[PDB]
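Structure, as structure tokens:
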Amino acid sequence: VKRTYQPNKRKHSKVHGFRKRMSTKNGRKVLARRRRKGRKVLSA
Amino acid sequence: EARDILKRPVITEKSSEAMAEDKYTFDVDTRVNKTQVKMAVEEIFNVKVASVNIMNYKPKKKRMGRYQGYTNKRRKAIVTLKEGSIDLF
Amino acid sequence: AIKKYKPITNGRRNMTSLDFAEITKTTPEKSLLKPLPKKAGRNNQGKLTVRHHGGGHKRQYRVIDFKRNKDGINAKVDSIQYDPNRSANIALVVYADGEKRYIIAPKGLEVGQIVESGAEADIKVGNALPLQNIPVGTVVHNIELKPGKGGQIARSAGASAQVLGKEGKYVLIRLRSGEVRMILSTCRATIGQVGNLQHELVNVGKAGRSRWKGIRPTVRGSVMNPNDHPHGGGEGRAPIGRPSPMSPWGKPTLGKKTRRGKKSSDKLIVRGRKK
RNA sequence: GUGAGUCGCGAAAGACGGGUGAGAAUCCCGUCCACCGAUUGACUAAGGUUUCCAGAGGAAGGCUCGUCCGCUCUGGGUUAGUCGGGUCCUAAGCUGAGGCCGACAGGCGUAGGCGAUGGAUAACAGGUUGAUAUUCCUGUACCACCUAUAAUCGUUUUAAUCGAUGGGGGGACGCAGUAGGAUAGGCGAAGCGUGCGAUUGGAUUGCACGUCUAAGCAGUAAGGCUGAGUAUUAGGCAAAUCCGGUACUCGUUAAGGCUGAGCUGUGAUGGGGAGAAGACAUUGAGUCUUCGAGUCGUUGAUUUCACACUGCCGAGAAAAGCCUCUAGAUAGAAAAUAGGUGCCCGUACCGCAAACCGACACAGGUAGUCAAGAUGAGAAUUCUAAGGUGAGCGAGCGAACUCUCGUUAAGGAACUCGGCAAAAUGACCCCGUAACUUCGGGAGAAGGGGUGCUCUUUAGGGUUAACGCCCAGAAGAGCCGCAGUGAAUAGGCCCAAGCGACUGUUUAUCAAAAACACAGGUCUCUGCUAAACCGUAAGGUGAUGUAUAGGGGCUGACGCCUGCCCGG
RNA sequence: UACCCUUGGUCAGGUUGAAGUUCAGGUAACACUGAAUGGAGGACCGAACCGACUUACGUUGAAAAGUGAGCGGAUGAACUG
Ligand SMILES: [Mg+2]
Ligand SMILES: [Mg+2]
Ligand SMILES: [Mg+2]
Ligand SMILES: [Mg+2]
Ligand SMILES: [Mg+2]
Ligand SMILES: [Mg+2]
Ligand SMILES: [Mg+2]
Ligand SMILES: [Mg+2]
Ligand SMILES: [Mg+2]
Ligand SMILES: [Mg+2]
Ligand SMILES: [O]
Ligand SMILES: [O]
Ligand SMILES: [O]
Ligand SMILES: [O]
């Protein structure tokens, strides 16, 4: 087998990273929930 | 200025061997080019060429009160000499 | 011509391919070339719209002057070359002025033969000139429908149109496909059939030789399951139940007309024979 | 809690001695033994994030114990003008001023811009720590740049001279195949160091070593120039001494004109390296100041060094650096000399694994580089170097039963749903080889034979001045054993039939097939922002396409054939 | 995981020996003949690599789909970073 999640940075500091989120409407809303809810981390 | 460019000295067995060829080891404030250290340490002691080499370190972990936390960042800079020498000990 | 390949194994038996006797060099002119990524039949978006393309081999864009725009100036022909993206083999052309431009090859062209682009360039093979001046009863390639665009007509392998006659404005022409159209009097064209004639006797021979091009497979409809295609489903094999054999997207194939009768050139269209 | 002190304790060869310690099958030390060795070895990328090293500790973790660890506690470790990357370029793709579109959101897209797995790019050898090395020092080198200094310029023209943001050249690319020139390492020797055996015997007799960079001067094995030179110019948006064209003198002369290039010689190197006890007051006399002393010749030879050459066709990124041309800048440089200036990131460790993904210290996967010796065609196989490991429970007994391996006389598929499995065949050479056939094959058909060591005689071929060094045949004559490709790795075959023509793919984790596709055939659509299509629309595919072209349906090589019915 | 794009990398060793070329043969000239050359194939054996055919094992497993013994393809419609 090779299981899912053969990991990497660039595809993870891309897509789920910030500047994608804060370069898109929906993502800005997402961040609004992860702030309103309180969290020690974003983009992860 | 010299003040916020030199934060600490460093001493150890490593530096002790280092002082054979007239080397030294300081820790700087971060976000400092290599060159400012040269002209500034020059400014403060009048010692010079034997240019600098330098590194960084990533911050480790530590548990002192069973709560997680990290050490502080550390940029270490290694100074070496050709012109007299300096002792401040 | 086409040289049969002696059968040595299963995947050569019916094989056949060209001889390449109308070629003088192999490596092209760097300059006129131009690069070309591929798409595999799909959009600006990324979705598949046309089916079964892609998989193939890499290639480039050899530029052509279909306009034959610069007129009067005699030219010569110092080389032939090969062109993957079209059936029709292709010629290089040293103009009088040192320029260099590639042109689709008419059958029966001689290296060192000279070919013109002008009004007063009297008739031969290759020469470029309008339709009004040409006589009737002649075969012509690479007509433009419109002044100054770059021709769209008879541009593929083999023979080409026939001029049946002309008014002053507009001008008739019969195609291969045998179908008729009124064309402007002033559209630029040329004379002589196109080059390669036996591009179609090629028995491609083996599955890969569609992939080498490339194209890729197409699966039937009476095999799939009934979502993906209407004919599909059915225990065992599948007679087409419904009348009017359908596309995957409804919309039959078999006899249905799809010319949209509001188009402006429908007056120019007379005597529709092939479609 | 019960189950249960029961199943399990996660493939594997360890043993002994001496220490330690409160206490040892498990810790350290050594000696022996065994294992891998196209690897359980060595080097880096992704990845993880301090696991790295020293000193202590053993509460829990470790599938046992544990005086130990990749666990805890304290302390400490990662050095670059030249290395991978950025201040250089670019495709796919992403974003995209103005702009076109959409109920809002937002969607499309030009200009430009970001984005490497690719292109260009200035460095090497040794030493060194418990832990870093092309980063430190030691020596020797290189690129850009500034400052200082002069041997050439002379309207700032043109000339020395800068030069594009524009014009040009090249950079610049496929796949397969054979042959060749070089070196890597290996090989066996008549040069060097040590040492002569206590088991019968032997003494040219045993063992190990046999190097040296990048850089700069010369040359250089093989290739290349549809060629060199002149004049002109209907063109390369403006210009052009450059390109491209066109006409001529010289051309096939190869004179070798020019180009690029393996690698070699020399210095670098009266130096580093080094088999070296023949070296001490000394360190555990191990050890270190210390002196020891060699670079020869042969044969073998790549899968490394030119997509170079030839052939084929399925017709094989881009841009920049780099070199030129002018428009233009501008008084008027700098040869070779000295001196200095040279940024950010990363660098520790594991990296076929105990540290990554896999919930575990898990018998899985995990791209890439190097990859020695005998045997062999070979990266196959068997045994070993280099080096690394002894697999984190073991001691007893040697019952059932299960599993894994080996054997079994007589018979030989009777078992059986079915010769499932197991066994037999198996390498090299030689003889020979039917039906049928789309003439290619079938065909390794089948069947059958030989193969060991010694001695003698002989063919030979490559390599050399020759010596000898290699390579692999024949003939005879002999010896042994049951057995001579003595072990290991390596095809079971024949006949007949249906289905399918192929080779290929498929139901990831119960089906790999007679299914799907396939080249071919056929019908219908489609006259070009063509039809079909995704979308609301712009827009874009189709398509750098233009009816010998593109889309849809059905059938499935071949060749013999493809009947009647148009009422529904 | 499935396709597709751009860009790279990989595939020991051996066997077979077409087209074409050329030497003679041979014709009025071509067909055609026999040699030598040349090295095509979704060609043949067969390790890497890939895959999963049969069987045994395991089946509160070593593993939430593998191992061992054998097996098919391996210059192409191949594989994969
Ligand atoms: Mg003991
Ligand atoms: Mg090119
Ligand atoms: Mg070539
Ligand atoms: Mg890292
Ligand atoms: Mg493992
Ligand atoms: Mg070997
Ligand atoms: Mg019998
Ligand atoms: Mg029987
Ligand atoms: Mg078809
Ligand atoms: Mg094979
Ligand atoms: O094979
Ligand atoms: O094979
Ligand atoms: O094979
Ligand atoms: O093969």
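Chain identifiers are assigned as A, B, and so on, following the order in which chains appear in the structure tokens; residues are numbered from 1 within each chain, and ligands are numbered from 1 in order of appearance.
Using only C-alpha atoms (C1' of nucleotides), one finds that the residues of chain E close to chain A, at 10 Å or less, are residues 1, 65 and 66 of chain E.
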N, CA and C atoms (P, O5', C5', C4', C3', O3' and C1' of nucleotides) of the current selection, written as a PDB file, in the first residue's frame:
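Done, and the output landed in again-v5.pdb:
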ATOM      1  P     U E   1      -2.235   7.253  -5.971  1.00  0.00           P
ATOM      2  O5'   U E   1      -3.685   6.907  -6.482  1.00  0.00           O
ATOM      3  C5'   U E   1      -4.214   5.625  -6.252  1.00  0.00           C
ATOM      4  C4'   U E   1      -5.633   5.549  -6.728  1.00  0.00           C
ATOM      5  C3'   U E   1      -5.837   5.870  -8.186  1.00  0.00           C
ATOM      6  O3'   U E   1      -5.515   4.811  -9.060  1.00  0.00           O
ATOM      7  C1'   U E   1      -7.427   7.032  -6.925  1.00  0.00           C
ATOM      8  P     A E  65      -5.950  -2.595   4.749  1.00  0.00           P
ATOM      9  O5'   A E  65      -5.650  -3.683   3.635  1.00  0.00           O
ATOM     10  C5'   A E  65      -4.484  -4.477   3.731  1.00  0.00           C
ATOM     11  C4'   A E  65      -4.492  -5.636   2.767  1.00  0.00           C
ATOM     12  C3'   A E  65      -4.655  -5.279   1.294  1.00  0.00           C
ATOM     13  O3'   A E  65      -4.008  -6.281   0.505  1.00  0.00           O
ATOM     14  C1'   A E  65      -6.426  -6.634   1.938  1.00  0.00           C
ATOM     15  P     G E  66      -2.728  -5.965  -0.419  1.00  0.00           P
ATOM     16  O5'   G E  66      -1.552  -6.806   0.245  1.00  0.00           O
ATOM     17  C5'   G E  66      -0.437  -6.152   0.817  1.00  0.00           C
ATOM     18  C4'   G E  66       0.299  -7.019   1.811  1.00  0.00           C
ATOM     19  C3'   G E  66       1.172  -8.125   1.249  1.00  0.00           C
ATOM     20  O3'   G E  66       2.430  -7.670   0.793  1.00  0.00           O
ATOM     21  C1'   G E  66      -0.132  -8.986   2.987  1.00  0.00           C
TER      22        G E  66
END
Neighbours of chain B in chain D at 8 Å, counting only C-alpha atoms (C1' of nucleotides), as an NGL selection string: :D and (50 or 78-79 or 343)
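Here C1' of residue 99 (chain D) and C1' of residue 111 (chain D) stand 11.2 Å from one another.
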Determine, counting only C-alpha atoms (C1' of nucleotides), which protein, DNA and RNA residues have an atom within 8 Å of an atom of region 36-43 of chain A; residues of the same chain fewer than 6 positions away are not included. Present the result as a list in words.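 After dropping sequence-adjacent residues, the list is residues 16, 17 and 18 of chain A.
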Distance table requested - chain C against chain E, cut-off 10 Å, only C-alpha atoms (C1' of nucleotides): one row per qualifying residue with the closest atom pair and its distance in Å to one decimal, ordered by chain and rising residue number, as JSON lines.
{"residue": "C:3", "atom": "CA", "partner": "E:19", "partner_atom": "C1'", "distance": 9.7}
{"residue": "C:4", "atom": "CA", "partner": "E:19", "partner_atom": "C1'", "distance": 10.0}
{"residue": "C:5", "atom": "CA", "partner": "E:19", "partner_atom": "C1'", "distance": 7.8}
{"residue": "C:6", "atom": "CA", "partner": "E:18", "partner_atom": "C1'", "distance": 7.3}
{"residue": "C:7", "atom": "CA", "partner": "E:18", "partner_atom": "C1'", "distance": 9.0}
{"residue": "C:8", "atom": "CA", "partner": "E:18", "partner_atom": "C1'", "distance": 7.7}
{"residue": "C:9", "atom": "CA", "partner": "E:43", "partner_atom": "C1'", "distance": 7.0}
{"residue": "C:10", "atom": "CA", "partner": "E:43", "partner_atom": "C1'", "distance": 9.6}
{"residue": "C:11", "atom": "CA", "partner": "E:42", "partner_atom": "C1'", "distance": 7.3}
{"residue": "C:12", "atom": "CA", "partner": "E:41", "partner_atom": "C1'", "distance": 8.9}
{"residue": "C:37", "atom": "CA", "partner": "E:5", "partner_atom": "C1'", "distance": 8.0}
{"residue": "C:38", "atom": "CA", "partner": "E:5", "partner_atom": "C1'", "distance": 7.1}
{"residue": "C:39", "atom": "CA", "partner": "E:5", "partner_atom": "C1'", "distance": 7.0}
{"residue": "C:40", "atom": "CA", "partner": "E:4", "partner_atom": "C1'", "distance": 6.6}
{"residue": "C:41", "atom": "CA", "partner": "E:4", "partner_atom": "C1'", "distance": 9.4}
{"residue": "C:42", "atom": "CA", "partner": "E:4", "partner_atom": "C1'", "distance": 9.4}
{"residue": "C:46", "atom": "CA", "partner": "E:4", "partner_atom": "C1'", "distance": 9.3}
{"residue": "C:48", "atom": "CA", "partner": "E:4", "partner_atom": "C1'", "distance": 9.5}
{"residue": "C:53", "atom": "CA", "partner": "E:4", "partner_atom": "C1'", "distance": 9.5}
{"residue": "C:54", "atom": "CA", "partner": "E:4", "partner_atom": "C1'", "distance": 7.2}
{"residue": "C:55", "atom": "CA", "partner": "E:4", "partner_atom": "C1'", "distance": 7.9}
{"residue": "C:206", "atom": "CA", "partner": "E:42", "partner_atom": "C1'", "distance": 8.1}
{"residue": "C:207", "atom": "CA", "partner": "E:77", "partner_atom": "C1'", "distance": 6.9}
{"residue": "C:208", "atom": "CA", "partner": "E:77", "partner_atom": "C1'", "distance": 5.2}
{"residue": "C:209", "atom": "CA", "partner": "E:77", "partner_atom": "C1'", "distance": 8.9}
{"residue": "C:210", "atom": "CA", "partner": "E:77", "partner_atom": "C1'", "distance": 9.1}
{"residue": "C:211", "atom": "CA", "partner": "E:77", "partner_atom": "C1'", "distance": 6.8}
{"residue": "C:212", "atom": "CA", "partner": "E:77", "partner_atom": "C1'", "distance": 9.0}
{"residue": "C:216", "atom": "CA", "partner": "E:77", "partner_atom": "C1'", "distance": 9.3}
